[PDB]
Amino acid sequence: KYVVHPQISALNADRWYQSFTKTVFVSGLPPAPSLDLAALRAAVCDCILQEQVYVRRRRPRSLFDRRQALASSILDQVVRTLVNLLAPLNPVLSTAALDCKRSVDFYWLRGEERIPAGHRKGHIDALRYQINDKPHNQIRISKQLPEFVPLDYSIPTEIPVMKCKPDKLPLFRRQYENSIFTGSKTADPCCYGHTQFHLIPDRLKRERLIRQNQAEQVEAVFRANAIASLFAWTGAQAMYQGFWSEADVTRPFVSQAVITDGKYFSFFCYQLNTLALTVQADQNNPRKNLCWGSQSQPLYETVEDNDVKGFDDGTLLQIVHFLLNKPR
Amino acid sequence: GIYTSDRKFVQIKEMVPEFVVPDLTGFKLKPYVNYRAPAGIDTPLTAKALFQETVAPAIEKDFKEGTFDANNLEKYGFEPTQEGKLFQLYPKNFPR
Amino acid sequence: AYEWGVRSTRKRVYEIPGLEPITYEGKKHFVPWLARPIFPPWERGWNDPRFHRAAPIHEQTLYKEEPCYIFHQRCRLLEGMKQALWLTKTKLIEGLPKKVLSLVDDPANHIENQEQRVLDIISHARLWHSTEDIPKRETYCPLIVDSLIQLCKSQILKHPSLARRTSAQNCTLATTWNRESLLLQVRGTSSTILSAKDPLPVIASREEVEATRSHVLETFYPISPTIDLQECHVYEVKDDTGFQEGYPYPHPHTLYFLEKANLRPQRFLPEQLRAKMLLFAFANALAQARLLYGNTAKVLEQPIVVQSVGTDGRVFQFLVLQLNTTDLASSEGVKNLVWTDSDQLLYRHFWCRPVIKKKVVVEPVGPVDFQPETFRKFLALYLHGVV
Amino acid sequence: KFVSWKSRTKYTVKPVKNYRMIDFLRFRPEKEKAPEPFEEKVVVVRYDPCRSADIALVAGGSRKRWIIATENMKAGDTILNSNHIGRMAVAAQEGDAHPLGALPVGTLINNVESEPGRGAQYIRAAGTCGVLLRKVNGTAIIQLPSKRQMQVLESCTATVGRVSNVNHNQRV
Amino acid sequence: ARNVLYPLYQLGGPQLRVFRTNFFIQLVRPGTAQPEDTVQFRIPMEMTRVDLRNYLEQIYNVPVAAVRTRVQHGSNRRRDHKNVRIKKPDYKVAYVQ
Amino acid sequence: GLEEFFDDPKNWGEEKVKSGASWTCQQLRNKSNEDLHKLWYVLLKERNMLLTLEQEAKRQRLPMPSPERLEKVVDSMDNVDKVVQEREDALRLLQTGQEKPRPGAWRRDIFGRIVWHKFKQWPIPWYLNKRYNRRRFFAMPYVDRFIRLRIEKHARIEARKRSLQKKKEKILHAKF
RNA sequence: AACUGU
RNA sequence: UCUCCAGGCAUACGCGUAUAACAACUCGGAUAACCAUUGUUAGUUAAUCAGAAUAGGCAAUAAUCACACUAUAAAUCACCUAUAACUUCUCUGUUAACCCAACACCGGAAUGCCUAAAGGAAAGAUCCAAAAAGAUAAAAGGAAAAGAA
RNA sequence: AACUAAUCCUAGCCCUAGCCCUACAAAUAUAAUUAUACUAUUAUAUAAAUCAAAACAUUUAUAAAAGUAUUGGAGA
């Protein structure tokens, strides 16, 4: 089966993933307790200064992971403090489960092909795929999030269709275990989740992509990772609820995801309407999966001395909105 | 490039050739020549011919003027060593 | 047979005056019919790190004749507790501080369904967290501590004052001090150094601090105090609190040290862990004192209190250290006060899979002989200084 | 010219990738001790893959080192090592390393050396014991496992007792 | 440039510049199905994909997004009248987006 | 540009494309050093297009129009290189006197033959290069017998050559 | 010994 | 479409174009059909799959869900202290019904998954000879069931 | 006048004479033919026996004087 990388540099990678998943990605955010928003900036300002300028740690030997390591530390701290500061306002977070770099697995079949040669020449074989993703952080709750749009919602925007085979684009089929995983076992009470946090590597970062001339694909890299992770993660929960392709979900599965390149931050929302992507189960289904994503935005400008400059609350507001949101 | 420890490739920018492309705009020399064009009698350039064309006039003028000496042979174009030039005639250190 | 010399190694013409023998140097290669040339040292024209060799310690410019003994995580003291007390000039009181014990006596401190939540966390930390049937200590031991800290951190609802502290990530603690003219250095890392804007309350009164003068550090003839320490002749004098100057929370509340080695031979003994904690905890407190009071040697008027917790995921060790003196040159006088609670078992055993014996499920997927008291002692340390 | 598999820089008592580095020179004066009677603790009696007899881990003072185990050597035992040649015999316990001048006649010994400073080369196998046949002043007679009775100077070091697997010769 | 000697590099050495290029490449219609932006090239086996990227960008001023290259084994089954195996010249196929 | 890899759209489908004579050596010599470098790429660009067109013809199982065009370009390209090499050779000889761009010398192999050994640049010297010393540039004593055989083999070849001539002479008499 | 198309 | 059969799929090793399309119907398949033969052209796409700095100091305690519990058969670089370097994605492998057995051999061939959703056809035609081989059935009998010596 | 077949003349060789001789690129001794460091680097004994002595043992060749004297299990 094909091995799919949630973060990839392929052209139109978001389109390729959507075609396999039947996900429609509408630009922008999905249609829809005060905590001293200024206080978070000051607390976040300290957190950024804490790791960058105050904490003392052994320098990495590689000298190339230093930039990547620093971005992870600041993101983890902000998340840790944000959970504590938001805990009094939202008791749900106290009962919520936060996952640190745990893997999401999903396995599904889309498309078909006929064997052209070999002992099985002429036999029709379905295209097998797998996405394994390890979001930087993700929040898992025991209650489904409020739906962002009614089930069966139809919009003019259409799912992509891929001219070439998945093999033609770099994607290699390998035989190994098929896994569908929510980030935790079925035993874990938190079979739902609120938001997913992703950190893009340096190779896929904006600076390198612009140099590579794939500036337009920077959002595609953002889109591809979000769609892959959320669909793979969301589908697992519905499987944890007993729903599969022929037993498609009776209630849409909804959640959020945020992808940051270290400086810019992007916010993504996914709703899973169809578990049926096999030809048999998809033979009779008018539903489609809907994804809503926002463009990546900087969270702060620069770090000078012991005071960070240019912090953008607008990105922080979205995090505050996401953290405060709770099931209805 | 060079492969470091753990078999990890590290591209060496110096060892990666840079294609120096001539400016062909306005250049009258093309893939072919007319059958109209007569061929020239071959006169390959040699060390003696190059010396005669370039070095001989300078020495001849200086010798008549008397301002010739062994110390100033490099002035007429002698290179004691090829080191320091991007293109070294011997040992050859440049790609075509 | 004993071999003197490594067992691995075991199973005229030129002198003539007036002429020089010919050699194959002109050939540029060896030929049997020519003599071996004499080759001077080769000059590459540039310095290669791959072929560069670090000079011996004595040749270093930073070389110092006096030996500086450096203690790190892997260092294991032969005498364990006794050596640590002598090196740190501290007096030991068994059990946790009286205040810490009183913290959890308050019903509000106790977490809602504390035992059940801990039981669920232990099961999650051991089995549910990963897809592996039997996760190893290298994985679950870091996770269980993080989950317990989050469970304790969730108490911010009950006590908003807990927002005044934050936890770093494996900060570096280091100090250099002299004991009976012996140069001692402690180098520490790991932990999340939980730091608060205010120092932890002093556990012992000044009268008790003066009482420590009677206490005498135990000696262990014939072994030297510097045993098991890395003898260093090239070193720099440094004092490190784990944070650069200007850190909003200058006072460290607790210093955590974890041993996640799956194999018992790979796991340090509980006595050694506490000895490592003592030196590392002492260094962090000393760095604070030196920064506050300078490098002068004197009895501290205001003691500095720091805590340390050491656990391997099944056994938990709780350590509280109070720094009462900076005059550590002498072995007699005011001594630091340390409170120790050791061998606190969260659970005797955990089965990562359901144990079916004689077609009967004798053991569920959960801790065996679980002791909630250990978490309460852990909870007491975390809440101490706030409630 | 063959790359040695014993590539560890420093002598250690931990198993080495396992192989344990053994020391057959029993009396090496450890740090913080004079060349006089000093005592060591037999921490653990393990088995050496590269030697027939099982090795006893001897730890004394500031130094830890592996050694061959005698017949009755076990974990937790205290073993004495003395270089001093007293006018009267020094107290002898099974496995302790003393000069043959210290040892009394008739004691079973092992890990003996033919020449002073040679190091242990005989009675290092399982169940082998050398009898101190005779002792006079600075000379002693040791019956080696080769059946060769040899006379050596008192400077030679002898470890009392038979080697482990005492009934190896009695195997049927 | 192929069938030529390139200078050995040492630390601080000059940047490698090829003023005249002996590499000759052929654009070939895709035998397999490929995206339209993708272009196949038959190139000397000693050329690197970076060289092709530099080659197209500099000589032909062509912007390149991605490059994928494969080596096609030349059949040696064919034999001559003397029963001596004939080997098809191996060629490298480069997929350039 | 991509279009440069292909022929003129008008020329597509033509039996042949009108092209002139290839560059001669003397004309290239008359051209300047900078001009020669510029010309090589201009010559190369057509060659790649012709090679590009030829491969498509092979794919389509079709003939290449005006195949002489490729030969003419190669002749022009080859003539350029010798002219450039001649100028480099002349200057190299003057400044250094070396008849070869690369250092080399005559060395004896283990078979007793004398062959030109081109020296290789190494980061380390030969004496500290054990592998280079490991390389054998010396002939073994037993090669003397082979040397005698080589001389005998050469004599045998001449004897066989005379036999070859004799048989040819016979037929000359028979034919005439 | 029985058993059975031995 | 029907009748019937039930080890299938990956990697390793090996092979090296036997791969696929087209065109041939002579040779090769241990006979044809059909191609595995003959000729022509195509093919196997990788930052992710696979292949391709140094000197010192210093390490007691198996595993077995490792805890209890014992045991004998005895089973574990790191990290510190300094020195040195200072911004990287190329090259190569990737096809196939394939290999070792003189063969399209009958057997030999490492590992993981799984047992039909995967993989397959015993019938060149006609006749219904005898004899021969294998299998099934036995009126009555039971060596002309599995127990004893 | 038949099918299978057959037909042919040079490919070249052989012996003396004469004559001695002194005439692409790229990769390679590492694992030869592997574009740059590793690891130091290397042939050759009386010629024997077979054989003859009908076996086998000392022994057994390889211009005239003259196959003579001498030598030899005085025998080949």
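Residues numbered from 1 in each chain as written, not as in the entry; some residues may be left out. Chains lettered and ligands numbered in written order. Part of a larger assembly, values for the part shown. Heavy atoms only, no water. Residues with missing side-chain atoms left out of burial classes, pairs and counts.

Structure determination for this entry is recorded as cryo-EM, at 7.31 Å resolution.

By the naming in the PDB entry, chain E goes by Large ribosomal subunit protein uL23m and is assigned to Mus musculus. In its Subunit section, the UniProt entry covering chain E states "Component of the mitochondrial ribosome large subunit (39S) which comprises a 16S rRNA and about 50 distinct proteins." What UniProt records for chain E under Sequence similarities is the sentence "Belongs to the universal ribosomal protein uL23 family." (UniProt positions renumbered as here; feature names shortened; annotations may be inferred.)

The name the PDB entry gives chain D is Large ribosomal subunit protein uL2m, with Mus musculus as the organism. One UniProt comment on chain D, placed under Subunit, says "Component of the mitochondrial ribosome large subunit (39S) which comprises a 16S rRNA and about 50 distinct proteins."

Engineer: Please clarify how the sheet that holds strand β12 (residues 336-345) of chain C should be interpreted in this entry.
Structural biologist: Sheet strands associate in pairs through backbone hydrogen bonding, adopting either a parallel or an antiparallel arrangement. Residues and elements named next belong to chain C. Taken in spatial order, the 7 strands line up as β2-β12-β11-β10-β9-β6-β3 in an open sheet, and their pairing is mixed. Each end of this open sheet is capped by a strand with a single partner; those strands are β2 (90-94) and β3 (165-167). Mean inter-strand twist for the sheet, computed between neighbouring axes without regard to direction, equals 20°. Two strands pair when backbone bridges link them, and strand β11 (residues 315-325) and β12 are joined in this way by 7 bridges, in the antiparallel orientation. Counted as the bridge partner of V320 is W339 from β12. (Pairing = 2+ DSSP bridges. Helix = DSSP H or I, 4+ residues; strand = E, 2+ residues; numbered from the N terminus. Axes fitted to C-alpha atoms, helices over the stretch in contact; angles between N-to-C directions.)

Engineer: What's the story with the packing of helix α1 (residues 81-88) of chain C against helix α6 (residues 270-293) of chain C in this structure? I'm lost.
Structural biologist: How two helices pack is summed up by the angle between their axes together with the distance between the axes. Residues and elements named next belong to chain C. The interhelical angle for the contact between α1 and α6, taken along N-to-C directions, is 10°, at an axis separation of 9 Å. Here α1 lies roughly parallel to α6, going by the angle between them. Only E271, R274, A275, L278, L279 and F282 of α6 make contact with α1, whose side of the interface consists of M81, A84, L85, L87 and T88. When its residues are assigned to classes, the contact of α1 with α6 shows 8 nonpolar, 1 polar and 2 charged. (Parallel < 35°, antiparallel > 145°, perpendicular 65-115°, else oblique. Contact = heavy atoms within 4.5 Å. Nonpolar A, V, L, I, M, F, W, Y, C, P; charged D, E, K, R; others polar.)

Engineer: Would you explain α6(C) in this entry?
Structural biologist: Given 3.6 residues per helical turn, the α-helix brings residues three or four places apart onto the same face. Given a rise of 1.5 Å per residue, 24 residues ought to cover 34 Å, and the 34 Å separating the end C-alpha atoms of α6(C) matches this to within 8%. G294(C), located one to two residues past α6(C), shows a positive phi value of around 75°. (Expected span 1.5 Å × (residues − 1).)

Engineer: Explanation requested: the interface of chain B and chain F in the structure shown.
Structural biologist: Buried accessible area, meaning the area lost when the parts come together, often serves as the stated size of an interface. Facing the 36 residues of chain B at the interface are 42 residues of chain F. Both faces combined, the contact of chain B with chain F buries some 3,500 Å², and carbon together with sulfur accounts for 66% of it. When the area that chain B buries against chain F is broken down by residue, the three leading residues are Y32(B), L89(B) and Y90(B), summing to 21%. At the boundary of chain B and chain F, one finds 2 salt bridges. For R29(F), the salt bridge is made with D42(B), and the minimal N-O distance between the two is 3.3 Å. At the junction of chain B with chain F, the criterion picks out 13 residue pairs in polar contact. (Buried area = accessible area lost by both parts, 1.4 Å probe. Salt bridge = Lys/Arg side-chain N within 4 Å of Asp/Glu carboxyl O. Polar contact = N/O pair within 3.5 Å; in protein donor to acceptor, adjacent residues only side chain to side chain.)

Engineer: What is the right way to read the interface of chain E and chain F from this model?
Structural biologist: Each side of the interface is counted separately: chain E has 23 residues, and chain F has 23 residues. Both faces combined, the contact of chain E with chain F buries some 2,200 Å², and carbon together with sulfur accounts for 57% of it. Counting the surface chain E buries against chain F, the share from its top three residues, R20(E), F24(E) and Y60(E), is 33%. The interface formed by chain E and chain F holds 2 salt bridges in total. In this structure, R29(E) engages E56(F) in a salt bridge whose closest nitrogen and oxygen atoms are separated by 2.6 Å. Where chain E packs against chain F, one counts 13 residue pairs in polar contact. Within the residue set of the side of chain E that touches chain F, elements represented by two or more residues are β2 (26-28), β3 (39-43) and α1 (49-59) of chain E.

Engineer: Is there a simple way to explain the protein's contact with RNA strand I in this structure?
Structural biologist: The immediate surroundings of RNA strand I are formed by 37 residues, with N3(E), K130(F), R131(F), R162(F) and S163(F) found nearest. Here a base nitrogen of RNA strand I sits 3.1 Å away from a polar atom, N or O, in the side chain of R44(C). Within the contact set of RNA strand I, a phosphate oxygen lies 2.4 Å away from a side-chain nitrogen or oxygen of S163(F). For the surface near RNA strand I, the elements supplying multiple residues, two or more each, are α4 (130-134) and α5 (143-175) of chain F. Here the surface near RNA strand I takes 9 residues from α5(F), the largest share from any one element. Split into classes, the residues belonging to the surface near RNA strand I amount to 17 nonpolar, 4 polar and 16 charged. (Near = heavy atom within 4 Å.)

Engineer: Would you mind showing me how to read the packing of helix α2 (residues 37-54) of chain A against helix α8 (residues 313-324) of chain A here?
Structural biologist: Residue and element names in this part refer to chain A. Closest axis-to-axis distance for the α2/α8 pair is 11 Å, and the angle between their directions is 105°. Compared by their axis directions, α2 and α8 come out roughly perpendicular. Residue-level inspection shows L37, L40 and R41 of α2 in contact with α8, the latter providing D313, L316, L317 and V320. Tallied by class, the residues present in the contact of α2 with α8 amount to 5 nonpolar, no polar and 2 charged.

Engineer: Hey, could you run me through the pairing of strand β1 (residues 63-71) of chain C in this one?
Structural biologist: Across a regular strand the side chains alternate sides, sitting on one face of the sheet and then on the other. Residues and elements named next belong to chain C. Note: β1 against strand β7 (residues 230-234), 4 bridges, orientation antiparallel. Along β7, the bridge assignment pairs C68 with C232. Summarising the sheet, β1 and strand β5 (residues 182-188) pair through 3 bridges and their orientation is parallel. Residue pairing in the sheet places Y69 in a bridge with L184 of β5.

Engineer: Would you mind going over the pattern of salt bridges with me for this structure?
Structural biologist: Pairing is possible between side chains that carry opposite charge, provided their charged atoms lie close to one another. For the structure on display, the rule yields 58 salt bridges over all chains. Ionic pairing is found between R290(C) and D239(C), a salt bridge with its closest N-O pair at 4.0 Å. Note that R290(C) is positioned in helix α6 and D239(C) in the loop between β7 and β8 (240-241), a separation of 51 residues in sequence. By relative accessible area, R290(C) is classed as buried at 11%. Here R92(F) makes a salt bridge to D89(F), at a shortest N to O gap of 2.4 Å. A residue pair is termed a helical-turn pair when its members lie 3 or 4 positions apart in one helix, as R92(F) and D89(F) do in helix α3 (residues 68-96) at 3 residues. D89(F) sits in the partly exposed class, given a relative accessible area of 25%. Among the ionic contacts, a cluster of salt bridges with common partners joins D99(A), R102(A), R140(A) and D188(A). (Buried < 20%, exposed > 50% of the residue type's maximum accessible area, 1.4 Å probe, protein only.)

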